[PDB]
>>> print(open('run_16.tsv').read())   # TSV, C-alpha atoms and all ligand atoms
chain	number	residue	atom	x	y	z
I	1	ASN	CA	-11.99	12.80	-119.68
I	2	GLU	CA	-11.85	11.50	-116.11
I	3	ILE	CA	-11.75	8.16	-114.28
I	4	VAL	CA	-12.43	7.33	-110.63
I	5	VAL	CA	-10.18	4.82	-108.85
I	6	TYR	CA	-11.41	3.12	-105.69
I	7	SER	CA	-8.18	2.22	-103.88
I	8	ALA	CA	-7.44	0.09	-100.83
I	9	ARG	CA	-3.83	1.31	-100.94
I	10	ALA	CA	-2.39	4.18	-98.92
I	11	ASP	CA	-3.31	7.53	-100.46
I	12	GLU	CA	0.34	8.54	-100.73
I	13	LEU	CA	1.04	5.52	-102.94
I	14	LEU	CA	-1.56	6.38	-105.59
I	15	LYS	CA	-1.04	10.17	-105.57
I	16	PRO	CA	2.10	10.13	-107.80
I	17	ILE	CA	0.52	7.43	-109.97
I	18	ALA	CA	-2.63	9.46	-110.64
I	19	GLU	CA	-0.48	12.51	-111.36
I	20	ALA	CA	1.92	10.67	-113.70
I	21	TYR	CA	-0.97	9.19	-115.69
I	22	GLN	CA	-2.70	12.57	-115.89
I	23	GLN	CA	0.51	14.08	-117.27
I	24	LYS	CA	1.01	11.30	-119.83
I	25	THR	CA	-2.55	11.12	-121.19
I	26	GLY	CA	-4.45	14.21	-120.03
I	27	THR	CA	-7.01	12.08	-118.17
I	28	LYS	CA	-7.92	13.20	-114.66
I	29	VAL	CA	-7.55	10.33	-112.17
I	30	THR	CA	-9.61	10.74	-109.00
I	31	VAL	CA	-8.54	8.45	-106.15
I	32	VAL	CA	-11.11	7.37	-103.54
I	33	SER	CA	-9.21	5.63	-100.73
I	34	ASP	CA	-10.63	3.35	-98.04
I	35	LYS	CA	-10.01	0.04	-96.30
I	36	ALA	CA	-10.43	-2.94	-98.62
I	37	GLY	CA	-13.53	-4.28	-96.86
I	38	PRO	CA	-15.53	-1.05	-96.59
I	39	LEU	CA	-14.42	-0.04	-100.10
I	40	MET	CA	-15.74	-3.25	-101.65
I	41	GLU	CA	-18.91	-2.93	-99.58
I	42	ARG	CA	-19.42	0.62	-100.87
I	43	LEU	CA	-18.80	-0.47	-104.47
I	44	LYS	CA	-21.37	-3.26	-104.17
I	45	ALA	CA	-24.03	-1.01	-102.62
I	46	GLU	CA	-23.59	1.77	-105.18
I	47	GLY	CA	-24.65	-0.69	-107.87
I	48	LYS	CA	-25.46	0.52	-111.37
I	49	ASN	CA	-25.11	4.20	-110.37
I	50	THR	CA	-21.53	3.99	-109.09
I	51	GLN	CA	-18.97	6.68	-109.87
I	52	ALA	CA	-16.09	4.20	-109.65
I	53	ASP	CA	-14.27	2.99	-112.77
I	54	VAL	CA	-11.30	1.01	-111.38
I	55	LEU	CA	-10.93	-1.03	-108.19
I	56	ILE	CA	-7.44	-1.40	-106.73
I	57	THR	CA	-7.27	-3.62	-103.66
I	58	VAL	CA	-4.85	-5.84	-101.76
I	59	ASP	CA	-4.51	-9.63	-101.53
I	60	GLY	CA	-5.89	-12.29	-103.86
I	61	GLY	CA	-8.38	-13.08	-101.12
I	62	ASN	CA	-9.98	-9.65	-101.41
I	63	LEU	CA	-9.80	-9.65	-105.21
I	64	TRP	CA	-11.58	-13.02	-105.20
I	65	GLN	CA	-14.25	-11.68	-102.84
I	66	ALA	CA	-14.79	-8.65	-105.09
I	67	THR	CA	-15.22	-11.06	-108.01
I	68	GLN	CA	-17.66	-13.28	-106.12
I	69	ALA	CA	-19.72	-10.22	-105.13
I	70	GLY	CA	-20.12	-9.33	-108.81
I	71	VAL	CA	-18.57	-5.85	-108.71
I	72	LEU	CA	-15.95	-6.39	-111.45
I	73	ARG	CA	-16.30	-6.94	-115.15
I	74	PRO	CA	-14.03	-9.34	-117.05
I	75	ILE	CA	-11.86	-7.73	-119.71
I	76	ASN	CA	-9.89	-9.29	-122.55
I	77	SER	CA	-6.60	-7.38	-122.45
I	78	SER	CA	-3.77	-8.57	-124.68
I	79	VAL	CA	-1.42	-6.16	-122.89
I	80	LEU	CA	-2.28	-7.34	-119.37
I	81	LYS	CA	-2.09	-11.02	-120.31
I	82	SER	CA	1.42	-10.41	-121.69
I	83	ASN	CA	2.70	-8.19	-118.87
I	84	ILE	CA	1.17	-10.04	-115.90
I	85	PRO	CA	1.98	-13.73	-115.27
I	86	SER	CA	-1.08	-15.97	-115.36
I	87	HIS	CA	-0.74	-17.11	-111.75
I	88	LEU	CA	-0.91	-13.45	-110.67
I	89	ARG	CA	-4.26	-12.64	-112.33
I	90	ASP	CA	-7.86	-13.79	-112.27
I	91	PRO	CA	-8.41	-16.93	-114.40
I	92	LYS	CA	-11.67	-15.36	-115.61
I	93	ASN	CA	-10.06	-11.97	-116.35
I	94	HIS	CA	-11.79	-9.93	-113.62
I	95	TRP	CA	-8.58	-8.60	-112.03
I	96	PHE	CA	-4.84	-8.33	-112.58
I	97	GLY	CA	-2.00	-8.44	-110.09
I	98	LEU	CA	0.19	-5.33	-110.27
I	99	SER	CA	2.61	-5.82	-107.35
I	100	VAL	CA	4.01	-8.97	-105.74
I	101	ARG	CA	4.68	-9.54	-102.06
I	102	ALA	CA	6.09	-12.66	-100.42
I	103	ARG	CA	4.86	-13.92	-97.06
I	104	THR	CA	7.90	-15.75	-95.76
I	105	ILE	CA	10.16	-16.48	-92.81
I	106	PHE	CA	12.22	-13.92	-90.92
I	107	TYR	CA	14.88	-14.84	-88.38
I	108	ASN	CA	17.48	-13.37	-86.07
I	109	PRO	CA	20.81	-14.28	-87.75
I	110	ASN	CA	22.68	-14.11	-84.41
I	111	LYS	CA	20.50	-16.92	-83.00
I	112	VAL	CA	19.35	-18.98	-86.00
I	113	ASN	CA	21.44	-20.46	-88.79
I	114	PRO	CA	19.52	-20.43	-92.11
I	115	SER	CA	20.47	-24.10	-92.46
I	116	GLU	CA	17.98	-24.62	-89.60
I	117	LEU	CA	15.21	-23.20	-91.82
I	118	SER	CA	13.33	-24.77	-94.72
I	119	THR	CA	9.54	-24.70	-94.90
I	120	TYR	CA	6.48	-23.15	-93.30
I	121	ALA	CA	5.60	-26.62	-92.01
I	122	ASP	CA	8.92	-27.12	-90.24
I	123	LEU	CA	8.17	-24.09	-88.05
I	124	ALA	CA	5.86	-26.55	-86.23
I	125	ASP	CA	8.86	-28.73	-85.35
I	126	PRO	CA	9.21	-28.89	-81.53
I	127	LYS	CA	12.73	-27.45	-81.85
I	128	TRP	CA	11.07	-24.03	-82.24
I	129	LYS	CA	9.12	-24.20	-78.96
I	130	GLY	CA	9.11	-20.77	-77.35
I	131	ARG	CA	10.91	-19.22	-80.32
I	132	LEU	CA	8.20	-18.53	-82.93
I	133	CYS	CA	6.10	-15.41	-83.35
I	134	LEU	CA	3.25	-14.76	-85.76
I	135	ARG	CA	0.90	-11.99	-86.79
I	136	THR	CA	-2.75	-12.48	-85.85
I	137	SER	CA	-4.85	-14.97	-87.78
I	138	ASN	CA	-7.47	-12.20	-88.13
I	139	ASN	CA	-5.82	-10.87	-91.27
I	140	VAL	CA	-6.15	-11.57	-94.98
I	141	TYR	CA	-2.40	-12.18	-95.46
I	142	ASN	CA	-2.45	-15.12	-93.05
I	143	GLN	CA	-5.78	-16.38	-94.39
I	144	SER	CA	-4.26	-16.45	-97.88
I	145	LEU	CA	-1.05	-18.16	-96.76
I	146	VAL	CA	-2.97	-20.87	-94.91
I	147	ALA	CA	-5.38	-21.12	-97.86
I	148	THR	CA	-2.52	-22.03	-100.21
I	149	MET	CA	-1.03	-24.38	-97.61
I	150	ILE	CA	-4.34	-26.29	-97.67
I	151	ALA	CA	-4.21	-26.45	-101.46
I	152	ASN	CA	-0.58	-27.60	-101.54
I	153	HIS	CA	-0.48	-30.05	-98.64
I	154	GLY	CA	-4.06	-30.85	-97.69
I	155	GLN	CA	-6.40	-30.02	-94.84
I	156	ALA	CA	-5.15	-32.64	-92.36
I	157	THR	CA	-1.48	-31.73	-92.75
I	158	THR	CA	-2.23	-28.00	-92.50
I	159	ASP	CA	-4.30	-28.56	-89.33
I	160	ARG	CA	-1.26	-30.26	-87.81
I	161	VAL	CA	1.15	-27.52	-88.95
I	162	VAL	CA	-0.93	-24.61	-87.67
I	163	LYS	CA	-1.53	-26.40	-84.37
I	164	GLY	CA	2.23	-26.83	-84.09
I	165	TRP	CA	2.81	-23.15	-84.85
I	166	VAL	CA	0.59	-22.20	-81.93
I	167	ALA	CA	2.35	-24.63	-79.58
I	168	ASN	CA	5.68	-22.96	-80.46
I	169	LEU	CA	4.64	-19.34	-79.84
I	170	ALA	CA	7.04	-17.26	-77.77
I	171	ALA	CA	4.35	-14.57	-77.51
I	172	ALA	CA	0.74	-13.90	-78.37
I	173	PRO	CA	0.17	-13.20	-82.08
I	174	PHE	CA	0.99	-9.60	-82.95
I	175	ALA	CA	-1.49	-7.06	-84.27
I	176	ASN	CA	0.48	-6.30	-87.46
I	177	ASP	CA	3.55	-7.53	-89.34
I	178	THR	CA	5.75	-4.55	-88.44
I	179	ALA	CA	5.24	-5.13	-84.70
I	180	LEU	CA	6.22	-8.76	-85.30
I	181	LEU	CA	9.45	-7.81	-87.07
I	182	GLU	CA	10.30	-5.31	-84.34
I	183	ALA	CA	9.79	-8.05	-81.73
I	184	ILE	CA	12.41	-10.15	-83.54
I	185	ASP	CA	14.68	-7.09	-83.39
I	186	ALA	CA	13.83	-6.66	-79.70
I	187	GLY	CA	14.87	-10.27	-78.99
I	188	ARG	CA	11.45	-11.58	-77.95
I	189	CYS	CA	11.13	-13.65	-81.17
I	190	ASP	CA	13.76	-15.71	-82.99
I	191	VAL	CA	11.67	-16.66	-86.06
I	192	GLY	CA	8.50	-15.29	-87.59
I	193	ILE	CA	6.31	-14.99	-90.68
I	194	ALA	CA	5.48	-11.68	-92.37
I	195	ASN	CA	5.21	-9.83	-95.67
I	196	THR	CA	8.47	-8.79	-97.32
I	197	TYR	CA	7.50	-5.18	-98.03
I	198	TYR	CA	7.18	-4.38	-94.31
I	199	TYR	CA	10.77	-5.59	-93.89
I	200	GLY	CA	11.91	-3.30	-96.69
I	201	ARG	CA	9.88	-0.51	-95.09
I	202	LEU	CA	11.43	-1.21	-91.68
I	203	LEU	CA	15.01	-1.39	-92.98
I	204	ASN	CA	14.39	1.89	-94.80
I	205	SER	CA	13.33	3.53	-91.52
I	206	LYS	CA	15.83	1.71	-89.25
I	207	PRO	CA	18.64	0.05	-91.25
I	208	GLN	CA	20.19	-1.29	-88.02
I	209	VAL	CA	17.22	-3.70	-87.81
I	210	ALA	CA	19.16	-5.78	-90.35
I	211	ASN	CA	21.60	-6.72	-87.56
I	212	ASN	CA	18.86	-8.73	-85.83
I	213	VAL	CA	16.31	-9.50	-88.59
I	214	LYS	CA	16.96	-11.34	-91.87
I	215	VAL	CA	14.64	-12.71	-94.55
I	216	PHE	CA	14.50	-16.39	-95.50
I	217	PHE	CA	12.63	-17.54	-98.60
I	218	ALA	CA	10.62	-20.60	-97.56
I	219	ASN	CA	9.86	-23.84	-99.40
I	220	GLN	CA	12.63	-23.60	-102.00
I	221	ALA	CA	12.90	-27.40	-102.30
I	222	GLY	CA	9.15	-27.64	-102.90
I	223	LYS	CA	6.52	-25.54	-104.65
I	224	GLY	CA	8.20	-22.24	-103.71
I	225	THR	CA	7.62	-19.26	-101.46
I	226	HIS	CA	4.07	-18.04	-100.92
I	227	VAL	CA	3.43	-14.89	-102.93
I	228	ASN	CA	0.40	-12.63	-103.14
I	229	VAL	CA	-0.58	-9.46	-104.98
I	230	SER	CA	-2.23	-6.15	-104.99
I	231	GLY	CA	-4.30	-5.88	-108.13
I	232	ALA	CA	-6.90	-3.99	-110.12
I	233	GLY	CA	-9.97	-4.62	-112.26
I	234	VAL	CA	-12.59	-2.62	-114.13
I	235	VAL	CA	-15.74	-2.13	-112.08
I	236	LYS	CA	-18.76	-3.85	-113.59
I	237	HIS	CA	-20.98	-0.76	-113.80
I	238	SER	CA	-18.24	1.65	-114.90
I	239	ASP	CA	-19.25	4.53	-117.15
I	240	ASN	CA	-15.79	4.66	-118.79
I	241	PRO	CA	-14.82	0.99	-119.17
I	242	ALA	CA	-12.37	1.48	-122.04
I	243	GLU	CA	-10.51	4.29	-120.28
I	244	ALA	CA	-10.55	2.27	-117.05
I	245	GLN	CA	-8.95	-0.61	-118.96
I	246	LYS	CA	-6.27	1.59	-120.53
I	247	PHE	CA	-5.30	2.77	-117.03
I	248	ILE	CA	-4.79	-0.75	-115.65
I	249	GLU	CA	-2.87	-1.75	-118.79
I	250	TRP	CA	-0.63	1.28	-118.24
I	251	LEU	CA	-0.15	0.30	-114.58
I	252	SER	CA	1.38	-2.97	-115.85
I	253	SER	CA	3.95	-1.07	-117.95
I	254	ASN	CA	7.60	-0.56	-117.02
I	255	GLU	CA	7.27	3.08	-115.97
I	256	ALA	CA	4.17	2.60	-113.81
I	257	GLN	CA	5.39	-0.65	-112.22
I	258	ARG	CA	8.30	1.27	-110.70
I	259	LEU	CA	5.93	3.88	-109.25
I	260	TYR	CA	3.52	1.24	-107.96
I	261	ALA	CA	5.61	-1.64	-106.60
I	262	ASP	CA	9.07	-0.22	-105.86
I	263	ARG	CA	7.72	2.70	-103.81
I	264	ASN	CA	6.13	0.23	-101.36
I	265	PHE	CA	9.14	-2.16	-101.37
I	266	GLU	CA	7.16	-4.80	-103.28
I	267	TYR	CA	8.16	-6.82	-106.33
I	268	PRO	CA	6.94	-5.77	-109.77
I	269	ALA	CA	4.27	-8.03	-111.21
I	270	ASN	CA	5.78	-7.55	-114.68
I	271	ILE	CA	8.81	-9.85	-114.79
I	272	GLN	CA	10.62	-7.66	-117.34
I	273	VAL	CA	10.79	-4.93	-114.66
I	274	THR	CA	13.69	-5.58	-112.30
I	275	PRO	CA	12.98	-5.19	-108.56
I	276	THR	CA	14.19	-2.08	-106.80
I	277	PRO	CA	17.70	-2.65	-105.35
I	278	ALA	CA	16.54	-2.57	-101.72
I	279	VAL	CA	14.27	-5.51	-102.57
I	280	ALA	CA	16.54	-7.32	-105.04
I	281	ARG	CA	19.32	-7.33	-102.41
I	282	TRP	CA	17.49	-10.09	-100.52
I	283	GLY	CA	18.23	-12.37	-103.49
I	284	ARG	CA	16.45	-14.54	-106.04
I	285	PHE	CA	13.94	-17.14	-104.95
I	286	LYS	CA	11.51	-19.68	-106.35
I	287	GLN	CA	7.93	-18.46	-105.92
I	288	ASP	CA	4.84	-20.66	-105.79
I	289	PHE	CA	3.08	-20.70	-109.18
I	290	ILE	CA	-0.33	-21.57	-107.74
I	291	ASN	CA	-2.88	-19.05	-109.00
I	292	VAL	CA	-3.27	-16.52	-106.20
I	293	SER	CA	-7.05	-16.62	-106.58
I	294	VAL	CA	-6.81	-19.83	-104.55
I	295	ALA	CA	-6.16	-17.52	-101.60
I	296	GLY	CA	-9.85	-16.58	-101.89
I	297	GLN	CA	-11.35	-19.95	-102.86
I	298	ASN	CA	-9.83	-21.51	-99.74
I	299	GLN	CA	-10.34	-18.49	-97.45
I	300	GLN	CA	-13.16	-20.03	-95.40
I	301	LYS	CA	-11.23	-23.28	-95.01
I	302	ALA	CA	-8.25	-21.24	-93.77
I	303	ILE	CA	-10.36	-19.25	-91.30
I	304	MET	CA	-11.79	-22.48	-89.88
I	305	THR	CA	-8.30	-24.02	-89.73
I	306	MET	CA	-6.78	-21.17	-87.73
I	307	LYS	CA	-9.78	-21.07	-85.37
I	308	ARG	CA	-9.61	-24.84	-84.84
I	309	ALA	CA	-5.89	-24.60	-84.06
I	310	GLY	CA	-6.37	-21.83	-81.49
I	311	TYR	CA	-4.41	-19.40	-83.67
I	312	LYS	CA	-5.62	-16.02	-82.41
M	1	NA	NA	14.35	-27.15	-91.44
M	2	NA	NA	4.94	-27.82	-82.17
M	3	NA	NA	1.48	-24.93	-105.88
>>> encode(input="run_16.tsv", output="structure tokens", more="lines below")
Ligand code: NA
Ligand code: NA
Ligand code: NA
Amino acid sequence: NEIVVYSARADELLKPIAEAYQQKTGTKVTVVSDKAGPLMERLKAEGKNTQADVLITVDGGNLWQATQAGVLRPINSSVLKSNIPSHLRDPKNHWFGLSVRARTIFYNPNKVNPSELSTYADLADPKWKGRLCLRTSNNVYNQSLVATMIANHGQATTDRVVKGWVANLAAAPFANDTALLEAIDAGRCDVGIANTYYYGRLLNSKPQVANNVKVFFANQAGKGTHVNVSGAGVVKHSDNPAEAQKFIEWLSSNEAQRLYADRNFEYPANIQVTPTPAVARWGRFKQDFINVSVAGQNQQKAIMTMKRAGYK
């Protein structure tokens, strides 16, 4: 048999996964790779005559939008409910987180003592004026972070925080997270907010970056560090729904979690799978247990909040 995977991940990430599943089961896995937005738009327009069987995409915001657009079908999977924590999967069973990333604080340890750091909100303290850098608001990772901030602390408080962030910028918001981390390394930025896997990716490419850039897990005294996922669900109009389901269930297993999360310097979604050592070295941390689908429910609120605060 054969299944088709629509994937918002990099093609090189899914290539060994498709091959390893084909070797284990004999099923041919065809990967169709595109940006999350255009991919979901294609899946919606193909309708009942779609070739896709599985959707893999990034960020609870995009998974929520795929669910709202009606392109996924809910599945009752005993295996996925056991292997994936409830806060990392759709409450109505449309999709399942398969890798975990944290969006958290980074700092230059030659210029900032970690005792100076605590929460996302404290980055709006005037002591950070001219020292903070951020990635652009026009990005799902920042929409999701701000979306959970609104859920955890309210709209008024979040408006004040994000407005304080912008007042404290040392530079205009960067186009991507990696540019932001490299600007901390360059000395332009003393503190910033980005996804952990880019830091692992950057240290892998340039280990000396560690001299000027360190990770700090935010909000440990409160609800925990913001986390998000990449995830997968069975497409509503799949022609092989049972085989599509057995692929996602396998992705949640020990062997596939290594291939899927570790290779991109992300955390496994399955808590019985220990993080790769490059990632685990950063240390243990309390993560937020809010259901990451809130990243989508509050996405429009977040977009309006960042626009209102002048967060470009
Ligand atoms: Na602090
Ligand atoms: Na401020
Ligand atoms: Na929470």
>>> closest_residue(input="run_16.tsv", among="I:287, I:225, I:252, I:108", to="residue I:89", atoms="only C-alpha atoms")
I:252
>>> residues_near_ligand(input="run_16.tsv", ligand="ligand NA 2 (chain M)", cutoff="9 Å", atoms="all atoms listed in the file", output="PDB file with C-alpha atoms, in the coordinates of the input")
ATOM      1  CA  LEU I 123       8.170 -24.090 -88.050  1.00  0.00           C
ATOM      2  CA  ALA I 124       5.860 -26.550 -86.230  1.00  0.00           C
ATOM      3  CA  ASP I 125       8.860 -28.730 -85.350  1.00  0.00           C
ATOM      4  CA  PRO I 126       9.210 -28.890 -81.530  1.00  0.00           C
ATOM      5  CA  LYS I 127      12.730 -27.450 -81.850  1.00  0.00           C
ATOM      6  CA  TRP I 128      11.070 -24.030 -82.240  1.00  0.00           C
ATOM      7  CA  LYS I 129       9.120 -24.200 -78.960  1.00  0.00           C
ATOM      8  CA  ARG I 160      -1.260 -30.260 -87.810  1.00  0.00           C
ATOM      9  CA  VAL I 161       1.150 -27.520 -88.950  1.00  0.00           C
ATOM     10  CA  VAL I 162      -0.930 -24.610 -87.670  1.00  0.00           C
ATOM     11  CA  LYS I 163      -1.530 -26.400 -84.370  1.00  0.00           C
ATOM     12  CA  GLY I 164       2.230 -26.830 -84.090  1.00  0.00           C
ATOM     13  CA  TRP I 165       2.810 -23.150 -84.850  1.00  0.00           C
ATOM     14  CA  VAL I 166       0.590 -22.200 -81.930  1.00  0.00           C
ATOM     15  CA  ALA I 167       2.350 -24.630 -79.580  1.00  0.00           C
ATOM     16  CA  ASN I 168       5.680 -22.960 -80.460  1.00  0.00           C
ATOM     17  CA  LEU I 169       4.640 -19.340 -79.840  1.00  0.00           C
TER      18      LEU I 169
END
>>> atom_distance(input="run_16.tsv", atom1="atom CA of residue I:254", atom2="atom CA of residue I:32")
24.4 Å
>>> residues_near_ligand(input="run_16.tsv", ligand="ligand NA 3 (chain M)", cutoff="8 Å", atoms="only C-alpha atoms and all ligand atoms", output="list in words")
residues 148, 151, 152, 223, 224, 288, 289, 290 and 291 of chain I
>>> atom_distance(input="run_16.tsv", atom1="atom CA of residue I:96", atom2="atom CA of residue I:144")
16.8 Å
>>> residues_near_point(input="run_16.tsv", point="(-19.8, 3.9, -116.7)", cutoff="10 Å", atoms="all atoms listed in the file", output="PyMOL selection string")
chain I and resi 3+48-53+235-244
>>> atom_distance(input="run_16.tsv", atom1="atom CA of residue I:196", atom2="atom CA of residue I:259")
17.6 Å
>>> residues_near_ligand(input="run_16.tsv", ligand="ligand NA 1 (chain M)", cutoff="12 Å", atoms="all atoms listed in the file", output="PyMOL selection string")
chain I and resi 105+112-128+216+218-221
>>> write_last_selection(input="run_16.tsv", atoms="C-alpha atoms", output="PDB file, keeping the file's coordinate frame")
ATOM      1  CA  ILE I 105      10.160 -16.480 -92.810  1.00  0.00           C
ATOM      2  CA  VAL I 112      19.350 -18.980 -86.000  1.00  0.00           C
ATOM      3  CA  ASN I 113      21.440 -20.460 -88.790  1.00  0.00           C
ATOM      4  CA  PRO I 114      19.520 -20.430 -92.110  1.00  0.00           C
ATOM      5  CA  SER I 115      20.470 -24.100 -92.460  1.00  0.00           C
ATOM      6  CA  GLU I 116      17.980 -24.620 -89.600  1.00  0.00           C
ATOM      7  CA  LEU I 117      15.210 -23.200 -91.820  1.00  0.00           C
ATOM      8  CA  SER I 118      13.330 -24.770 -94.720  1.00  0.00           C
ATOM      9  CA  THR I 119       9.540 -24.700 -94.900  1.00  0.00           C
ATOM     10  CA  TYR I 120       6.480 -23.150 -93.300  1.00  0.00           C
ATOM     11  CA  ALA I 121       5.600 -26.620 -92.010  1.00  0.00           C
ATOM     12  CA  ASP I 122       8.920 -27.120 -90.240  1.00  0.00           C
ATOM     13  CA  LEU I 123       8.170 -24.090 -88.050  1.00  0.00           C
ATOM     14  CA  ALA I 124       5.860 -26.550 -86.230  1.00  0.00           C
ATOM     15  CA  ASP I 125       8.860 -28.730 -85.350  1.00  0.00           C
ATOM     16  CA  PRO I 126       9.210 -28.890 -81.530  1.00  0.00           C
ATOM     17  CA  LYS I 127      12.730 -27.450 -81.850  1.00  0.00           C
ATOM     18  CA  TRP I 128      11.070 -24.030 -82.240  1.00  0.00           C
ATOM     19  CA  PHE I 216      14.500 -16.390 -95.500  1.00  0.00           C
ATOM     20  CA  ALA I 218      10.620 -20.600 -97.560  1.00  0.00           C
ATOM     21  CA  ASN I 219       9.860 -23.840 -99.400  1.00  0.00           C
ATOM     22  CA  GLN I 220      12.630 -23.600-102.000  1.00  0.00           C
ATOM     23  CA  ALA I 221      12.900 -27.400-102.300  1.00  0.00           C
TER      24      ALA I 221
END
>>> closest_residue(input="run_16.tsv", among="I:69, I:248, I:292, I:279", to="residue I:198", atoms="only C-alpha atoms")
I:279
>>> closest_residue(input="run_16.tsv", among="I:30, I:153, I:146, I:184", to="residue I:211", atoms="only C-alpha atoms")
I:184
>>> closest_residue(input="run_16.tsv", among="I:36, I:186, I:147, I:215", to="residue I:304", atoms="all atoms listed in the file")
I:147
>>> residues_around(input="run_16.tsv", residues="residue I:87", least_positions_apart="4", cutoff="12 Å", atoms="only C-alpha atoms", output="ChimeraX atom specification")
/I:60,81,83,91-93,95-98,100,226-229,269-270,287-295
>>> closest_residue(input="run_16.tsv", among="I:309, I:88, I:66, I:79", to="residue I:253", atoms="only C-alpha atoms")
I:79
>>> residues_near_point(input="run_16.tsv", point="(-10.8, -25.5, -85.1)", cutoff="12 Å", atoms="all atoms listed in the file", output="compact mmCIF listing (two decimals) with C-alpha atoms, in the frame of the given file")
# COMPACT_ATOMS: atom_id res chain seq x y z
CA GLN I 155 -6.40 -30.02 -94.84
CA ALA I 156 -5.15 -32.64 -92.36
CA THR I 158 -2.23 -28.00 -92.50
CA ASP I 159 -4.30 -28.56 -89.33
CA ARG I 160 -1.26 -30.26 -87.81
CA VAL I 162 -0.93 -24.61 -87.67
CA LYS I 163 -1.53 -26.40 -84.37
CA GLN I 300 -13.16 -20.03 -95.40
CA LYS I 301 -11.23 -23.28 -95.01
CA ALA I 302 -8.25 -21.24 -93.77
CA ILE I 303 -10.36 -19.25 -91.30
CA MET I 304 -11.79 -22.48 -89.88
CA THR I 305 -8.30 -24.02 -89.73
CA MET I 306 -6.78 -21.17 -87.73
CA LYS I 307 -9.78 -21.07 -85.37
CA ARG I 308 -9.61 -24.84 -84.84
CA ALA I 309 -5.89 -24.60 -84.06
CA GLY I 310 -6.37 -21.83 -81.49
CA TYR I 311 -4.41 -19.40 -83.67
CA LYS I 312 -5.62 -16.02 -82.41
>>> residues_around(input="run_16.tsv", residues="residue I:197", least_positions_apart="6", cutoff="10 Å", atoms="all atoms listed in the file", output="PyMOL selection string")
chain I and resi 100-103+177-178+203+261-267+279
>>> decode(input="run_16.tsv", residues="stretch 200-211 of chain I", atoms="N, CA, C and O atoms", output="PDB file, in the first residue's frame")
ATOM      1  N   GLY I 200      19.831  25.124  19.426  1.00  0.00           N
ATOM      2  CA  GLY I 200      20.523  23.865  19.195  1.00  0.00           C
ATOM      3  C   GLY I 200      21.109  23.777  17.798  1.00  0.00           C
ATOM      4  O   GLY I 200      22.244  23.326  17.614  1.00  0.00           O
ATOM      5  N   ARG I 201      20.355  24.230  16.795  1.00  0.00           N
ATOM      6  CA  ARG I 201      20.872  24.228  15.427  1.00  0.00           C
ATOM      7  C   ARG I 201      22.078  25.151  15.292  1.00  0.00           C
ATOM      8  O   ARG I 201      23.054  24.822  14.601  1.00  0.00           O
ATOM      9  N   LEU I 202      22.035  26.311  15.950  1.00  0.00           N
ATOM     10  CA  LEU I 202      23.128  27.268  15.833  1.00  0.00           C
ATOM     11  C   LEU I 202      24.371  26.778  16.561  1.00  0.00           C
ATOM     12  O   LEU I 202      25.485  26.881  16.030  1.00  0.00           O
ATOM     13  N   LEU I 203      24.206  26.235  17.775  1.00  0.00           N
ATOM     14  CA  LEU I 203      25.345  25.673  18.496  1.00  0.00           C
ATOM     15  C   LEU I 203      25.965  24.504  17.745  1.00  0.00           C
ATOM     16  O   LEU I 203      27.182  24.294  17.815  1.00  0.00           O
ATOM     17  N   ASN I 204      25.143  23.732  17.032  1.00  0.00           N
ATOM     18  CA  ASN I 204      25.658  22.621  16.241  1.00  0.00           C
ATOM     19  C   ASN I 204      26.546  23.126  15.107  1.00  0.00           C
ATOM     20  O   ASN I 204      27.597  22.542  14.817  1.00  0.00           O
ATOM     21  N   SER I 205      26.144  24.228  14.473  1.00  0.00           N
ATOM     22  CA  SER I 205      26.908  24.838  13.391  1.00  0.00           C
ATOM     23  C   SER I 205      28.093  25.647  13.914  1.00  0.00           C
ATOM     24  O   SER I 205      29.192  25.580  13.349  1.00  0.00           O
ATOM     25  N   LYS I 206      27.895  26.415  14.983  1.00  0.00           N
ATOM     26  CA  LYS I 206      28.935  27.278  15.545  1.00  0.00           C
ATOM     27  C   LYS I 206      28.928  27.154  17.061  1.00  0.00           C
ATOM     28  O   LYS I 206      28.345  27.986  17.768  1.00  0.00           O
ATOM     29  N   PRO I 207      29.589  26.126  17.601  1.00  0.00           N
ATOM     30  CA  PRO I 207      29.574  25.916  19.062  1.00  0.00           C
ATOM     31  C   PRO I 207      30.080  27.104  19.865  1.00  0.00           C
ATOM     32  O   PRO I 207      29.665  27.277  21.018  1.00  0.00           O
ATOM     33  N   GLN I 208      30.964  27.929  19.291  1.00  0.00           N
ATOM     34  CA  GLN I 208      31.460  29.104  20.001  1.00  0.00           C
ATOM     35  C   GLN I 208      30.358  30.112  20.315  1.00  0.00           C
ATOM     36  O   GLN I 208      30.556  30.975  21.177  1.00  0.00           O
ATOM     37  N   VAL I 209      29.208  30.029  19.637  1.00  0.00           N
ATOM     38  CA  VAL I 209      28.075  30.905  19.949  1.00  0.00           C
ATOM     39  C   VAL I 209      27.698  30.798  21.420  1.00  0.00           C
ATOM     40  O   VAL I 209      27.246  31.776  22.032  1.00  0.00           O
ATOM     41  N   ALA I 210      27.910  29.624  22.017  1.00  0.00           N
ATOM     42  CA  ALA I 210      27.610  29.405  23.425  1.00  0.00           C
ATOM     43  C   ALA I 210      28.349  30.374  24.342  1.00  0.00           C
ATOM     44  O   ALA I 210      27.880  30.626  25.459  1.00  0.00           O
ATOM     45  N   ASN I 211      29.494  30.913  23.906  1.00  0.00           N
ATOM     46  CA  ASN I 211      30.210  31.883  24.730  1.00  0.00           C
ATOM     47  C   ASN I 211      29.390  33.148  24.948  1.00  0.00           C
ATOM     48  O   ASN I 211      29.520  33.795  25.991  1.00  0.00           O
TER      49      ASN I 211
END
